[PDB]
Amino acid sequence: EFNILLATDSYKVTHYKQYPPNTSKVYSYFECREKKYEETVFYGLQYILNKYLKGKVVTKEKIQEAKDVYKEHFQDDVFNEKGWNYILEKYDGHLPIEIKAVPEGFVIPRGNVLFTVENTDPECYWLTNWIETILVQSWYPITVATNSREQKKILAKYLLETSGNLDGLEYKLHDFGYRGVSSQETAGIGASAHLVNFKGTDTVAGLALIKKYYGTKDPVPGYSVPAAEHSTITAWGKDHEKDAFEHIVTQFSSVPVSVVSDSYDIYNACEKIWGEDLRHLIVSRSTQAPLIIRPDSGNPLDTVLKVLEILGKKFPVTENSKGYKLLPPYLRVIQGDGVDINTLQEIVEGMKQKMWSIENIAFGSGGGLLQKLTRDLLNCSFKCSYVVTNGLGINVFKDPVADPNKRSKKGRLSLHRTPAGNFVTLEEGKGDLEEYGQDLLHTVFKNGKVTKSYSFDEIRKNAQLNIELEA
Amino acid sequence: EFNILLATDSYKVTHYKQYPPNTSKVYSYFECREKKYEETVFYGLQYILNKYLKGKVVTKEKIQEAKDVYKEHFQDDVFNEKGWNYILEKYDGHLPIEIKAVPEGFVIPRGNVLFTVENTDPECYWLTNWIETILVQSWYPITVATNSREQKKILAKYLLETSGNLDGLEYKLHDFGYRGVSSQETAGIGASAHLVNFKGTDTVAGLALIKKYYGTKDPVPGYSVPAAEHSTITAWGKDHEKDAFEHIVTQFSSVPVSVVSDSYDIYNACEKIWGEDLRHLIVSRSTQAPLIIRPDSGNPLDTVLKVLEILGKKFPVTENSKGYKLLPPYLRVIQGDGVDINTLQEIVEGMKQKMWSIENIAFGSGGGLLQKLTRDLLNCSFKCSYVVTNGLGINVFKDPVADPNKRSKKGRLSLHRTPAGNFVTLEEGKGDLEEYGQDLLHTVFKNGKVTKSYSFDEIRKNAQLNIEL
Ligand SMILES: O=C(NCc1ccc(S(=O)(=O)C2CCN(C3CCOCC3)CC2)cc1)n1cc2ccncc2c1
Ligand SMILES: O=C(NCc1ccc(S(=O)(=O)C2CCN(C3CCOCC3)CC2)cc1)n1cc2ccncc2c1
């Protein structure tokens, strides 16, 4: 059983005693602070609201559990039992909090308010920042979605340049990250964030999350194809790599199949096994059922180029309408080793320089896609900007002398369209002057209820690339 | 609920069709592959075994659910319903798998077998590697525990050099990482791994995991103290920082209290507010209840040194028996911004050069401790090393031409003590020759039951530093 009273940084347990006496309101906001990721995809808050924040989250038992834990953890009695009992008694354990947020899937420049949080009962001034820790974890799906979308931009540029269209773009970056993330929960969240931009995943945990919390018109949001791993090749024995390849492509003769080909010698596998011994089994396959050769070691760019050169000499290559080389439709490659946003760029650029179409390749990314990311990448941060004490509203902020990048926003915030159609965040309650039209934030949570939500299909639409929008 | 049939990489669903015909056994192993970080702390498997692998993990409903999902996911019917049905009917949904592992807390050099996995029923040859994905996630608590321990070694060396002892070492690196990790589950796992080495955490989720899966003689494995955040200072208004500080230290007058002091001007706060206006509230505090000043911005080394320099001129500093400067016992500092293993080393070395004892300082680390880590750091990896096909055992491995670092081990494996007291992994079933004493791997899981468990106290004992011993 999850217990929201035990789901905060320890020190926050002591904060109710630290605010100015007679504080009735604490108002805080989240942004990806400006400091190259100029825009972020807002995604993942809906998961958190539904799984952790909504409904009766306080019970008599949960209060007692927290009291008992904090008594030992602090070696002292500092826990606000009275405050949590008030919520239990007055609101039947529902949080007296209002959260306003930008729509999920929205692409917003850095340094804008993405969501705000405030207490709706003056007794619960302390509650706004109690939940900072859980809400700040939204950094992760935001950052995965954003970084995934940035790779989609690279892929789109090079696919458009080398082929003249964006066909298959949404299958060009496949999630390999299930084993390489830190937990089952993280796998579901991160995989779901990648699926904002793409349709290919092996991280099955993502499907159930999307189905439960977001929803799609389609049966599933993401897809895969049969494929080998090293164990299904090496199990045949070192001298029988060819027998393994033959068995596998024959088992999957009518659907696409990927076969990892570097167990012993990738160049030999491509040139002699696929290119000669088993060539008859490849050239006979359907366009809907290609063999996808998967190298998995060595320098990613050099290995990709070498594999393409080998296959290009063993199989009939054509030249597409843009003048780039194209493998026959029954044969493709996937590079799924050492892929992150930097190496992805290096590979597609290297392919372009060697006149190979990006149509030839897909990418699998694991740790690079889902794990090698931190809160510091987009500077996702939650800060108090407004309080009411003794009935007087005060605009509050931090502004550290040695780091202007850490300066926080002041006062009540709102998000607006500028006359040129861009976003701007108004501070100090200035949105009230109505010089910039309506606040674009929507109330998504109020007093224990989720009040606005988005389907996964709408989130995908919101997160589209401009170039996809053109077409 | 959680469904083990849906907790694997998609492609593994199709592997049962790909192994050699007449394969009755697939045996696989996990190591932190060799390519600093020369030794790893083995920790976290017990959590995975209990939460996900033990007991009745297959039901009719879970089989049907998986069948439905994979039909849409692959746009094809490739799922091994018959295989999962067999486990359900024959073993009441318990996994016919045996796992042998080195004891948790053990500190083992890179490139050694840490655990092995094999099927116990020939029909379930495909199951060994089905659960690779979930078992490989053990990389995370292993890596957190290892990286946390490496920081403990740095702290230990500098604390010993500058103070002559290791008093308080176990409170010198505090977990600040709750908000900076990717999920609630990750928070609990990562925090528990840090607690293998230290006793200070704000990541409360770690305590419940330890209580549920491991257990301690003490009521809790980790502790904290009251402390401010920027919001509890800034809420008073920019002109009232002093009022905020006064209120907070007075509220927590007889326990340790940490106060973030960089909301507007850290140097002013130390020199004028703490150092003059409120000095009388600081010098009256108990040794058991110090003020801990917390800078939180700027170059971490430069800021730590400047803060110490300021405090050193406003408060009575002593020189310890090693010749290093020491703040009075009612006053300490914690640096909790931008701390990772590299910057930690930079700070303590910089302090030593400026003749400041490491006694003066503690470190808080968040993303650096629990999030800025990947499976590539220790090359945690799971590979098949032995199969039985047509009744014959075959030693198998990968050995990619362009990367010798990715070569895997061959055959049945065992872990042993060398004559010199080090570790060695024997390959090709050579452990059976009994020339290297007893196998250090113990059966921890067999046919759906956890067969050997460790308390958190035992794990801590196993993971102790030599210098502590
Ligand atoms: O091979 C793996 N998974 C299956 C897979 C293979 C290839 C593609 S793809 O991206 O090449 C994909 C092919 C199918 N085509 C189309 C061909 C025409 O028909 C429609 C699909 C789209 C493009 C997508 C999925 N894995 C999962 C891993 C996890 C961790 N480590 C290693 C792993 C290896
Ligand atoms: O202040 C915070 N937590 C409380 C805390 C403060 C100081 C220490 S400490 O490590 O300085 C600790 C002091 C008490 N001493 C005792 C030594 C023996 O004598 C009594 C004091 C040990 C050494 C430990 C815990 N946080 C949590 C955060 C999470 C995310 N971002 C920022 C955060 C700020």
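Indices start at 1 and increase along the chain as displayed.
Each Cβ is built from the backbone N, Cα and C atoms, and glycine gets one as well.
Here is what Swiss-Prot says about this protein:
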MOD_RES   A:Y171  phosphotyrosine
BINDING   A:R179, A:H230, A:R294  diphosphate binding site
BINDING   A:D202, A:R294, A:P295, A:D296, A:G336, A:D337, A:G367, A:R375  beta-nicotinamide D-ribonucleotide binding site
MOD_RES   A:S455  phosphoserine
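Proximity to ligand 1 (Cβ under 6 Å from any of its atoms) holds for these binding-site residues out of A:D202, A:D296, A:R375: A:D202. Spacing of A:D202 (beta-nicotinamide D-ribonucleotide binding site) relative to A:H230 (diphosphate binding site) is 16 Å (Cα to Cα, whole number). With 10 residues left out of the model between A:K35 and A:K36, the distance spanned by their C-alpha atoms equals 10 Å. When the alpha carbons of A:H230 (diphosphate binding site) and A:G367 (beta-nicotinamide D-ribonucleotide binding site) are compared, the span between them is 18 angstrom. Note: A:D202, taken in sequence order from the recorded positions A:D202, A:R294, A:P295, A:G336, A:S455, have a C-beta within a distance under 8 Å of a chain B C-beta. Taking the Cβ of A:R294 (diphosphate binding site) as centre and 10 Å as the limit, one finds 23 other Cβ atoms among all the protein chains shown. In the three-state DSSP classification, A:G336 (beta-nicotinamide D-ribonucleotide binding site) falls within coil.
Between the CA atoms of the residue listed as 'phosphotyrosine' and A:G336 (beta-nicotinamide D-ribonucleotide binding site) there is a gap of 13 Å, rounded to the nearest whole number. Here A:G367 (beta-nicotinamide D-ribonucleotide binding site) is compared against the recorded positions A:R179, A:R294, A:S455, and the shortest C-alpha distance is to A:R179. Taking Cα separation as the measure, A:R179 (diphosphate binding site) is nearest to A:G336 of the binding-site residues A:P295, A:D296, A:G336, A:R375. Neighbours of A:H230 (diphosphate binding site), defined as other CB atoms within 10 A of its CB across all chains, total 20. Taking a C-beta cut-off of under 8 angstroms and a sequence separation of 6 or more, A:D337 (beta-nicotinamide D-ribonucleotide binding site) has the following same-chain neighbours: A:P295, A:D296, A:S297, A:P300. Minimal Cβ crowding within 10 Å, among the recorded positions A:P295, A:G336, A:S455, is found at A:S455.
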